[PDB]
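Trainee:
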Amino acid sequence: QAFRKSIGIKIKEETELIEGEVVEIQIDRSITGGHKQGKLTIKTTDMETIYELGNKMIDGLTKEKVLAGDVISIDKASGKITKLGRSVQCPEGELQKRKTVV
Amino acid sequence: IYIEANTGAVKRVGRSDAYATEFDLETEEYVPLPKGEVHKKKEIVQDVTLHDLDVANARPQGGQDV
Amino acid sequence: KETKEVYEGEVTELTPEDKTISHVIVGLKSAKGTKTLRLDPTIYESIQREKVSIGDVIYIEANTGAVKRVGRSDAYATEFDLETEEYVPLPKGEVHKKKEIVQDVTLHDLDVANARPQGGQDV
Amino acid sequence: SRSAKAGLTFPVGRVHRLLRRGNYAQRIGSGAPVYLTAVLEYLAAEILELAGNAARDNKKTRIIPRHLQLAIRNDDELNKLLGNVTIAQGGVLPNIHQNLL
Amino acid sequence: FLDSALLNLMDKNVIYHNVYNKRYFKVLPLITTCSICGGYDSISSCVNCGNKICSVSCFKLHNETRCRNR
Amino acid sequence: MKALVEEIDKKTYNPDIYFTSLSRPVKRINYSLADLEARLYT
Amino acid sequence: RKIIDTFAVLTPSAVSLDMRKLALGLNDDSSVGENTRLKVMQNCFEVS
Ligand SMILES: [Zn+2]
Ligand SMILES: [Zn+2]
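In structure tokens form, the structure reads like this:
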């Protein structure tokens, strides 16, 4: 077990990340049926667009409290939300960027 | 989806490409439709040791049900 | 040093929200205030374990999730002449309370807390 | 003039002389007509840009009083500022009630 | 020639209204791309118009000419 | 982490409809007559 | 119940929350499926 503990393995892959300031959040559900339909606006220095959300985006968006002033950073493959800062946040750069994780 | 007849295991590939324009952002990736027929067959020359059949005869390994 | 939230009050309604996956809004009637709160199904399961009903004083901790029942409130003491459930008065103060503790705990106690599960109220 | 060195358009001497001969007080300061031309220049620029975009909405290169009427009445601060002001040849707003439909 | 009565009404219906497909509106999968360079890796509809914009230069070129509702 | 306890109103809160929100800024108002009459007559 | 109610005082003052869910493998993300945690949490929810 110690001889297997001594040697390690490095494995790398690439993931996408969208980081940008939220303008407003407009979800849509029903009082009896369900089937939530989320819409919010993501903004940065040189991009400002409205993103429509799915079921799991409102699942992670309602299990974790967030505001219009609060700013998110979403990974597409992981599906979890990083509520980083509110209006720390002071962001720059492009909206959707791809970085490698090792 | 991906469904095996003899084993019963179920794997999902994702939402089809026809529903990619329903929402602008979705955590579910959009995969194309699988080419070919519905029913497919193939033969494998897979080798497996007799002790592996003995552990397969000894204790339950694991399944997708409770 | 850490702060924890303290909730207490008389149970008014145990009902789902309006539609459901089975959560329960617990309306805790305190003396100086009346507030309704939504709880997890595990702490609601311990609420079902404590056999509480409409008009029972409970004690609920926010961060930990432990549930203690104090007893039936003093308003329902005249409902029956003899009852095994003792009658406790209404808790004074607000619904939400906060305090800070200077509790000391050894690092080995944190190691046993990191090693094996100790206990809980669920199955 | 002192309007160009201070970034102004309206003259300071006409407003200062108008405050002198307007019977307001005995002593008049030097920064008060500059402040007044600043406020009147910002407000007049606001009505010029709102009536300019209101003229840009109806695809006309000239400002009719209906564009100024809709530009003033469509803004909340201009309607709260001037609520009794009647504009000639400006018309009214297309306000249609829901229960009459 | 279309205003003339030399052609029948059923002739105009068969020539113009009957050749187009009636039942099948969409069979193939629908694809939404960006309106500037067609980037499908970034599907992001705009604010004032709701137009799909992929990259940052596509938005900076989008605010000037192709945005009418702004 | 995730809070097991959530304070909530009876009348204002609904479990289904969830909503969260926060020189001179001015909302864009269309001055077109056919746009407003087109909106009010549909 | 009286001896238990009178003689049980001490508490395990140090604990880690959300370790009880992970020790059995039933959480929001694990190698087990979706209704294993639901049917196990329901059969647990009925058995006292
Ligand atoms: Zn593009
Ligand atoms: Zn736009």
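Protein chains in written order, with the UniProt record's numbering: chain A, 119 to 205, 222 to 236; chain B, 200 to 265; chain C, 134 to 151, 161 to 265; chain D, 18 to 118; chain E, 211 to 280; chain F, 1 to 22, 43 to 62; chain G, 1174 to 1221.
We put the CB at the ideal spot given by N, CA and C, even for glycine.
Going by DSSP, which residues form a beta bridge with C/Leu147?
Mentor: Here residue 147 of chain C corresponds to residue number 14 of the third sequence, with the count starting at 1. C/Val168, per the DSSP bridge assignment.
Trainee: Quick check on DSSP: helix, strand or coil for residue 93 of chain C?
Mentor: Here chain C comprises residues numbered 134 to 265, so residue 93 of chain C is not present and cannot be evaluated.
Trainee: Is C/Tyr201 near C/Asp216, with beta carbons less than 7 Å apart?
Mentor: The residue you call residue 201 of chain C lines up with position 59 of the third sequence. The residue you call residue 216 of chain C lines up with position 74 of the third sequence. No, Cβ-Cβ distance for C/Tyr201 and C/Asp216 is not below 7 Å.
Trainee: Tell me, please, whether the stretch 158 to 169 of chain A touches the stretch 134 to 145 of chain A by the rule of three or more beta-carbon pairs shorter than 8 Å.
Mentor: yes
Trainee: Going by DSSP, what residues sit across from A/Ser191 in a beta bridge?
Mentor: Here residue 191 of chain A refers to the residue found at position 73 when the first sequence is read from its first residue. Note: A/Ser191 sits in a beta bridge opposite A/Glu137 and A/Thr200.
Trainee: Select from A/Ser196, A/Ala186, A/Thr234 and A/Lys233 the residue whose C-alpha is nearest the C-alpha of A/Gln223.
Mentor: Locating residue 223 of chain A in the first sequence gives position 89, counting from the first residue. That would be A/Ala186, whose Cα lies nearest to the Cα of A/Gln223.
Trainee: Quick check: is any heavy atom of ligand 2 less than 6 Å from the C-beta of F/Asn50?
Mentor: Locating residue 50 of chain F in the sixth sequence gives position 30, where the first residue counts as 1. Incorrect: F/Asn50 has no Cβ contact closer than 6 Å to ligand 2.
Trainee: Is the Cβ-Cβ distance between C/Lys240 and C/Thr176 less than 7 Å?
Mentor: As a first step, residue 240 of chain C is located in the third sequence; it is residue number 98 there, counting from the start. As a first step, residue 176 of chain C is located in the third sequence; it is residue number 34 there, counting from the start. Contact flag unset, no.
Trainee: Taking F/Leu53 as the reference, give the member of D/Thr103, D/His84, D/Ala21 and D/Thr54 with the closest Cα.
Mentor: Position 33 of the sixth sequence, counted from the first residue, corresponds to residue 53 of chain F. F/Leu53 has its Cα closest to that of D/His84, out of D/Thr103, D/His84, D/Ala21 and D/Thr54.
Trainee: Thinking C-alpha only, which one of C/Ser164, C/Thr178 and C/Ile163 is nearest C/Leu170?
Mentor: Your numbering for residue 170 of chain C matches position 28 in the third sequence. It is C/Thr178 whose Cα lies nearest to the Cα of C/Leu170.
Trainee: Check this for me: beta carbons of C/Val209 and C/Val144, under 7 Å apart or not?
Mentor: By 1-based counting over the third sequence, the position of residue 209 of chain C is 67. By 1-based counting over the third sequence, the position of residue 144 of chain C is 11. Cβ atoms of C/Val209 and C/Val144: not closer than 7 Å.
Trainee: According to DSSP, is F/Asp55 part of a helix, a strand, or is it coil?
Mentor: Here residue 55 of chain F corresponds to residue number 35 of the sixth sequence, with the count starting at 1. Here F/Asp55 sits in helix by DSSP.
Trainee: Cβ of E/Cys259 versus every heavy atom of ligand 2: is any distance shorter than 6 Å?
Mentor: Looking up residue 259 of chain E in the fifth sequence gives position 49. For ligand 2, at least one heavy atom lies less than 6 Å from the Cβ of E/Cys259.
Trainee: For ligand 2, is there a heavy atom less than 6 Å away from the beta-carbon of E/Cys277?
Mentor: Your numbering for residue 277 of chain E matches position 67 in the fifth sequence. Indeed, a heavy atom of ligand 2 lies less than 6 Å from the Cβ.
Trainee: Is B/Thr226 close to chain H, meaning its C-beta is less than 7 Å from at least one C-beta of that chain?
Mentor: No chain H is present in this structure, whose protein chains are A, B, C, D, E, F and G.
Trainee: From the DSSP output, in three-state form, read off G/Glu1219 for me.
Mentor: Indexing the seventh sequence from 1 puts residue 1219 of chain G at position 46. Helix, per DSSP.
Trainee: Drop a sphere of 10 angstroms on the beta-carbon of A/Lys183, count the other beta-carbons inside from all chains shown, and report buried for 16 or more, exposed for fewer.
Mentor: Residue 183 of chain A sits at position 65 when you count from the first residue of the first sequence. Note on A/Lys183: under 16 other CB atoms within 10 angstroms of its CB, so exposed under the neighbour-count rule.
Trainee: If I follow the unbroken beta strand (DSSP E) through A/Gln155, where does it start and stop?
Mentor: To locate residue 155 of chain A, count along the first sequence from 1; it is residue 37. Taken as a continuous stretch (DSSP letters only), the beta strand (DSSP E) holding A/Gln155 covers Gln155 to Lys161.
Trainee: Given a threshold of 16 other Cβ atoms within 10 Å of its Cβ, counted over all protein chains shown, does C/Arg214 qualify as buried or as exposed?
Mentor: The residue labelled residue 214 of chain C in the question sits at position 72 within the third sequence. It is buried - the Cβ of C/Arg214 has at least 16 other Cβ atoms within 10 Å.
Trainee: For A/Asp146, which residues from the same chain have a beta carbon less than 8 Å from its beta carbon, with the 5 sequence-adjacent residues on both sides left out?
Mentor: Within the first sequence, residue 146 of chain A is the residue found at index 28, counting from 1. These residues qualify, in order along the chain: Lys154, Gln155, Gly156 and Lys157.
Trainee: What residues from chain F crowd round A/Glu142, counting only those whose CB sits closer than 7 Å?
Mentor: To locate residue 142 of chain A, count along the first sequence from 1; it is residue 24. In chain order: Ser21.
Trainee: Count the other CB atoms within 10 Å of the CB of B/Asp253; is the residue buried (16 or more) or exposed (fewer)?
Mentor: The residue labelled residue 253 of chain B in the question sits at position 54 within the second sequence. By the neighbour-count rule (16 or more Cβ atoms within 10 Å), B/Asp253 is not buried but exposed.
Trainee: Going along chain A in order, which residues have a C-beta closer than 8 Å to the C-beta of F/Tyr51?
Mentor: Against the sixth sequence, residue 51 of chain F aligns to sequence position 31. Around F/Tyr51, no beta-carbon contact reaches into chain A at under 8 Å, the shortest distance being about 24 Å.
Trainee: Where does the unbroken beta strand (DSSP E) through A/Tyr169 begin, and where does it stop?
Mentor: Position 51 of the first sequence, counted from the start, is the residue given in the question as residue 169 of chain A. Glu166 to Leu171 is the extent of the beta strand (DSSP E) around A/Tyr169.
Trainee: Kindly indicate which three-state DSSP category C/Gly142 falls into: helix, strand or coil?
Mentor: By one-based count along the third sequence, residue 142 of chain C stands at place 9. Reduced to three states, the DSSP call for C/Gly142 is strand.
Trainee: Spell out the partners DSSP gives B/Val254 in its beta bridges.
Mentor: Mapped onto the second sequence, residue 254 of chain B falls at position 55. B/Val254 is not bridged to any residue.
Trainee: So the candidates are B/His250, B/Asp223, B/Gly261 and B/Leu232; which of them puts its Cα closest to the Cα of E/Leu238?
Mentor: Your numbering for residue 238 of chain E matches position 28 in the fifth sequence. Cα-wise, what sits closest to E/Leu238 is B/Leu232.
Trainee: I'd like to know if B/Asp216 contacts chain A, where contact means its C-beta is closer than 7 Å to some C-beta of that chain.
Mentor: Here the question's residue 216 of chain B lines up with position 17 in the second sequence. Not an interface residue.
Trainee: A/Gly172 and B/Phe222 - do their beta-carbons sit closer together than 7 Å?
Mentor: Numbered from its first residue, the second sequence carries residue 222 of chain B at position 23. Numbered from its first residue, the first sequence carries residue 172 of chain A at position 54. Between B/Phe222 and A/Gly172, the gap from beta carbon to beta carbon is short of 7 Å.
Trainee: Hey, is F/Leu60's beta-carbon within less than 7 Å of any beta-carbon in chain D?
Mentor: Walking along the sixth sequence from the start, residue 60 of chain F turns up at place 40. With 7 Å as the cut-off, F/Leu60 counts as an interface residue toward chain D.
Trainee: For E/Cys244, would you say it is in contact with chain A, using Cβ-to-Cβ distances shorter than 7 Å as the test?
Mentor: Counting from one through the fifth sequence, the residue named residue 244 of chain E turns up at place 34. No, because no Cβ of chain A sits closer than 7 Å to the Cβ of E/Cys244.
Trainee: Is the stretch 47 to 61 of chain D close to the stretch 25 to 34 of chain D, with three or more CB pairs under 8 Å?
Mentor: yes
Trainee: Apart from the five residues just before and just after C/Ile185, which ones in its own chain have a Cβ nearer than 8 Å to its Cβ?
Mentor: Residue mapping note: residue 185 of chain C aligns to position 43 of the third sequence, counting from 1. Once the five neighbours on either side are set aside, the close Cβ partners of C/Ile185 are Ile202, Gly207 and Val209.
Trainee: Quick check: the Cα distance between D/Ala68 and D/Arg79, rounded to an integer number of angstroms?
Mentor: Counting from one through the fourth sequence, the residue named residue 68 of chain D turns up at place 51. Counting from one through the fourth sequence, the residue named residue 79 of chain D turns up at place 62. Approximately 10 Å between the Cα atoms of the pair.
Trainee: Quick one: what's C/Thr136 bridged to in DSSP?
Mentor: The residue you call residue 136 of chain C lines up with position 3 of the third sequence. C/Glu242, per the DSSP bridge assignment.
Trainee: Using 7 Å as the limit for Cβ to Cβ distance, is B/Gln245 near chain G?
Mentor: In the second sequence, residue 245 of chain B corresponds to position 46, counting from 1. No, its Cβ sits nowhere closer than 7 Å to a Cβ of chain G.
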